[PDB]
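Down below is the structure, laid out as structure tokens.
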Amino acid sequence: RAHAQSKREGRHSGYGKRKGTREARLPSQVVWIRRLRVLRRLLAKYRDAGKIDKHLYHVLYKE
Amino acid sequence: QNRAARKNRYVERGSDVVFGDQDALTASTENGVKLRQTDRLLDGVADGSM
Amino acid sequence: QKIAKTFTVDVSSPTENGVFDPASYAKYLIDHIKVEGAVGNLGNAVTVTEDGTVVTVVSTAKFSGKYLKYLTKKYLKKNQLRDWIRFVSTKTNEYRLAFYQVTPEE
Amino acid sequence: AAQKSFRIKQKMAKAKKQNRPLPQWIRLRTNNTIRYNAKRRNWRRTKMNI
Amino acid sequence: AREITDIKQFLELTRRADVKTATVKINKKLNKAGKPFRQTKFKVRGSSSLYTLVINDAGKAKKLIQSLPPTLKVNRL
RNA sequence: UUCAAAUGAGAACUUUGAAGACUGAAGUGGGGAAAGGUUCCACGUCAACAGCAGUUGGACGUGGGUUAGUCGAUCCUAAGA
RNA sequence: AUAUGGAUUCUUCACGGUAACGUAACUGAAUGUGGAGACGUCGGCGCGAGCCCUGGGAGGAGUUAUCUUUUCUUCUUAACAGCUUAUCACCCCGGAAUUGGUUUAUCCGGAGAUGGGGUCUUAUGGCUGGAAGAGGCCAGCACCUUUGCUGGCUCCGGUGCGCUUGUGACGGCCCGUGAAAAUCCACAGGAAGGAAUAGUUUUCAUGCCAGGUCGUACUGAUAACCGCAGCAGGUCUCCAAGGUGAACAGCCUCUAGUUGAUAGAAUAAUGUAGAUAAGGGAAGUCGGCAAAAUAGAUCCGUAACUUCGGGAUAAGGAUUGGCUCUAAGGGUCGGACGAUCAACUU
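Protein chains in written order, with UniProt numbering: chain A, 64 to 126; chain B, 549 to 598; chain C, 9 to 114; chain D, 2 to 51; chain E, 2 to 78.
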């Protein structure tokens with residue numbers, strides 16, 4: 064528990080301790096899918112609440 | 549302590565008088581069996597000499 | 009809002025024998041109990057009050073029955089009274105110190 | 002085995018009842034040639050081959 | 002097992018004349034999280050299934066015990 | 001691996017307790033298929049067997065134990081016969 | 001097998017909904033047609049279960065030289081039944097270029113999208129019944145007894161690229177496109193059969209009776225199988241905890257299970273297994289055989305040749321602990337911001 068509590072703080076985290084590739088530790092695809100879903104459903108609620116119009120929504124979706 | 553010590557001790561029943569020193573009424577037969585059981589070695593011969 | 013919680017420790021069978029005393033126990037509790045950090049803060053969050061037969065503690069603040077059991081066994085080890093006395097619950101928030109089994113010598 | 006035929010089971014039953022040493026009353030008979038059981042079996046030593 | 006809500010439907014099952022035995026049951030529970038109250042459960046042994054009736058109020062429960070037929074066997078707890 | 005007590009003629013090896021370690025959930029764990037067929041379990045008991053020992057045993061002697069409309073077989077067809 | 005209840009019928013073989021379809025029911029022979037049974041593997045993505053992790057409270061156990069509102073443990077809910085719930089799919093309204101919707105993955109729309117309102121499957125989940133009477137954790141009496149007897153508590157939550165597994169809708173792959181049959185149901189058809197003084201429905205409900213034969217113990221292997229043996233060999237499969245870590249690697253632990261392998265006393269040479277060595281650094285040897293050295297990760301950097309795909313972790317460099325901070329990266333709700341809750345990455 065005490066080691067888990069220091070890992071929350073950002074301790075025992077550094078280059079010496081790590082023994083796996085960045086992908087092995089946190090996959091790049093997961094980082095994309097978290098990110099891309101978050102950018103998606105931001106643009107969903109802006110469209111339906113009506114800050115943004117539907118024409119600009121369609122451009123930003125593909126960007 | 550003394551309340552317990554005077555409570556705990558015993559009358560000594562009749563069974564202690566007759567079966568204190570005594571043991572082994574009906575002795576253990578040679579196979580090591582119960583009263584109704586059968587033992588096919590020694591069903592045939594009756595008697596300890598034979 | 010806060011809602012107080014009475015806790016009642018009997019100490020009859022220890023005290024009549026005279027290995028144990030309520031007065032030192034009620035003295036030991038009232039300083040060593042902790043609220044919101046550290047010891048010796050407790051004005052009106054709690055009120056430790058011995059009768060003689062039964063000790064009573066009532067807590068509007070954060071306090072639990074396990075923490076009362078904790079501080080008693082802490083006190084009992086201080087007197088070398090663990091191995092011969094134990095903290096027991098008879099009913100909910102209703103506790104009492106009972107001697108272990110102990111056979112007679114004869 | 003733990004999922005036997007009846008026939009296989011039937012032959013275990015005959016094999017169980019045969020598995021016994023000699024009755025002692027047969028020792029005492031007039032002109033007793035027979036001393037011990039010569040066709041006795043044990044699970045470890047000899048496989049009955051069903 | 003099969004719950005019944007309705008009170009009229011329970012009285013029909015007692016007169017159905019396969020039902021040899023019933024049983025009554027009493028449970029302590031706490032309403033909302035405010036106070037305790039004394040629940041009851043009138044169960045009746047059908048041939049296929051066990052029909053049952055949950056009454057929350059204690060006043061309605063005591064009239065229901067009388068409202069059973071006498072010829073039916075009843076068994077407490 | 002060690003210490004005591006118990007049992008017994010006899011204990012480095014049986015039993016209980018007290019310690020010290022090991023397998024370390026890809027097990028020295030809990031269940032099964034094939035195959036074995038009573039090895040399961042109790043009581044009695046040590047001539048032979050257990051490459052030392054033996055009061056112990058999968059050994060020796062006598063018993064007990066396997067309960068199905070719903071788990072299987074049975075029924076269906078496969079390559080094939 | 002039948003018999004009561006309900007339903008249906010004098011418009012004889014039910015009504016409702018625009019429709020998807022709905023309900024407690026709501027005749028049906030020959031024959032025919034259809035579905036289920038009925039099926040590859042790999043990939044990520046969603047949903048569920050079990051486990052893991054975690055907080056409050058009620059008990060129990062340990063620690064206490066000093067410190068610790070502390071460490072460990074118990075707080076569970078089966079099949080079955082009745083209500084209710086979901087992606088896909090489908091129906092109605094309506095008519096889209098200023099093209100829009102939308103998945104992690106770019107497929108869809110005048111063969112009718114977006115949008116609004118519906119209908120359906122019930123994997124799975126939820127709620128009550130089963131069911132607390134059960135089970136679990138505690139407390140106290142009776143006492144040669146092979147013995148009972150009586151009290152409590154069994155509550156309310158949280159988290160996720162977690163692990164195992166089940167399932168859904170998709171995507172990739174092929175000169176491979178990944179069993180059959182029993183069995184069950186439905187649909188088309190209408191042979192014919194049923195009422196007005198009582199029939200038709202045993203696919204709605206409740207009730208009555210019946211269910212044979214054989215297997216079932218135990219091992220499943222460093223002692224129960226096969227190797228002439230109580231043989232370091234061989235022999236198909238399910239379950240699968242905590243930490244370190246990329247990891248069902250190695251190392252240490254919990255539950256469960258062993259503590260079996262002939263011992264004792266010394267510590268010569270020679271062996272078997274394993275190590276270290278000043279200076280030199282292959283002079284050894286047929287031969288660098290065998291050891292030594294290198295090794296994980298991050299950033300810089302990377303030649304010849306090439307079938308342009310590779311070669312490539314080429315080669316060659318700079319780093320890595322501990323601590324205390326800083327910075328960025330989300331969710332949730334009600335209308336320029338604010339409150340509050342959480343993950344371990346860089």
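Backbone N, C-alpha and C define an ideal beta-carbon position, used for all residues, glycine too.
Along the alpha helix (DSSP H) that carries residue 70 (chain A), what are the first and last residues, could you check?
Segment 65-72, the alpha helix (DSSP H) holding residue 70 (chain A).
Would you mind giving the Cβ-Cβ distance between residue 36 (chain D) and residue 588 (chain B), rounded to the nearest angstrom? I have them listed as a contact below 8 Å.
Not confirmed; about 17 Å, so no contact.
Identify the continuous alpha helix (DSSP H) that holds residue 83 (chain C) and give its terminal residues.
DSSP places residue 83 (chain C) in the uninterrupted alpha helix (DSSP H) bounded by 73-86.
Under the rule that 16 or more other beta-carbon atoms within 10 Å means buried, what is residue 15 (chain C), buried or exposed?
Around the beta carbon of residue 15 (chain C), 16 or more other beta carbons sit within 10 angstroms, so the residue counts as buried.
Identify the continuous alpha helix (DSSP H) that holds residue 35 (chain D) and give its terminal residues.
First-last for residue 35 (chain D): undefined, no H or E at that position.
Consider the C-beta atom of residue 31 (chain D) and the heavy atoms of the ligand FAD; say whether any pair is separated by less than 7 Å.
Ligands in the displayed structure: none, and consequently the ligand FAD is not present.
Would residue 67 (chain C) be called buried (16 or more neighbouring beta carbons within 10 Å of its own) or exposed?
Label assigned to residue 67 (chain C): buried.
Whether residue 41 (chain E) touches residue 76 (chain E) by CB criterion (8 Å)
No; because the gap between Cβ atoms is not below 8 Å, this pair is not in contact.
Name the two residues that bound the continuous alpha helix (DSSP H) containing residue 12 (chain D).
Where residue 12 (chain D) is concerned, the enclosing alpha helix (DSSP H) stretches over 7-19.
Let's see if you can read the secondary structure: which residues bound the alpha helix (DSSP H) around residue 550 (chain B)?
The continuous alpha helix (DSSP H) containing residue 550 (chain B) extends over residues 550-556.
What is the DSSP secondary structure of residue 40 (chain E), counted as helix, strand or coil?
Per DSSP, reduced to three states, the secondary structure at residue 40 (chain E) is strand.
Can you confirm whether residue 549 (chain B), when its beta carbon is compared against all beta carbons of chain C, has any partner nearer than 8 Å?
Yes - at least one Cβ of chain C is within 8 Å of the one on residue 549 (chain B).
Per DSSP, residue 581 (chain B) forms a beta bridge with which residues?
Looking at the DSSP assignment, residue 581 (chain B) forms no beta bridge with any residue, so it has no partner.
Can you check which of these residues, C:93, C:71, C:87 and C:112, is closest to residue 41 (chain C) by C-alpha distance?
The candidate whose alpha carbon is nearest that of residue 41 (chain C) is C:71.
Of the residues D:3, D:19 and D:31, which one's Cα is nearest the Cα of residue 39 (chain D)?
Ranking the options by Cα distance to residue 39 (chain D), first place goes to D:19.
Looking at the strands, I want to know which residues DSSP matches up with residue 107 (chain C).
For residue 107 (chain C), which the question treats as bridged, DSSP gives the partners C:93.
Starting from residue 22 (chain C), find everything on chain B with Cβ-Cβ shorter than 8 Å and list it in chain order.
Neighbours of residue 22 (chain C) on chain B: none; closest Cβ ~17 Å, over 8 Å.
Select from the segment 25-43 of chain D all residues with a C-beta closer than 9 Å to any C-beta belonging to chain B, and list them in chain order.
Flagged, chain order: 25, 26, 27, 28 and 29.
Just curious, the alpha helix (DSSP H) that residue 11 (chain E) is in, first and last residue?
Residue 11 (chain E) -> alpha helix (DSSP H) spans 8-15.
Using the three-state DSSP reduction, which class does residue 102 (chain C) fall into: helix, strand or coil?
Here residue 102 (chain C) sits in strand by DSSP.
Can you pull the chain D neighbours of residue 580 (chain B), defined as C-beta to C-beta under 7 Å?
Going along chain D, no residue has its Cβ under 7 Å from residue 580 (chain B), so there is no contact; the nearest lies around 16 Å.
In chain B, what lies closer than 8 Å to residue 113 (chain C) by C-beta?
What residue 113 (chain C) touches in chain B: 549 and 553.
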